[PDB]
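The chain that follows stands alone, in the form deposited without its partner chain, written as structure tokens.
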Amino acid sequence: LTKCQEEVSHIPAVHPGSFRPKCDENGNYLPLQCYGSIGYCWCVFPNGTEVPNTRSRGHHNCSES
């Protein structure tokens, strides 16, 4: 596992009211993350750190390779 796959395991899909991460084909944080409970998203680096000022009202075309 990874910190992503751990947090995605430990925060179940029954997250409405909170954030839940997402992960890629290499177990790293998916380059787009979404706080579905408010419908917001941001881009992240593979380590899960937000890409500055991407935090917005919906999805964007991040490096999701």
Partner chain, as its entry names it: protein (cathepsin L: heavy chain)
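Residue numbers count along the first chain shown, from 1.
This protein has a second form, the form solved in complex with its partner chain, left out of what is shown; the following refers to that one.
In the deposited bound form, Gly36 approaches its partner chain with a heavy atom inside 4.5 Å. For the chain shown alone, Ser56 is a contact residue for its partner chain in the deposited bound form, at least one non-hydrogen atom being within 4.5 angstroms. Contact check for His60: a heavy atom falls within 4.5 Å of its partner chain in the deposited bound form. Contact annotation for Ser18: at least one heavy atom lies within 4.5 Å of its partner chain in the deposited bound form.
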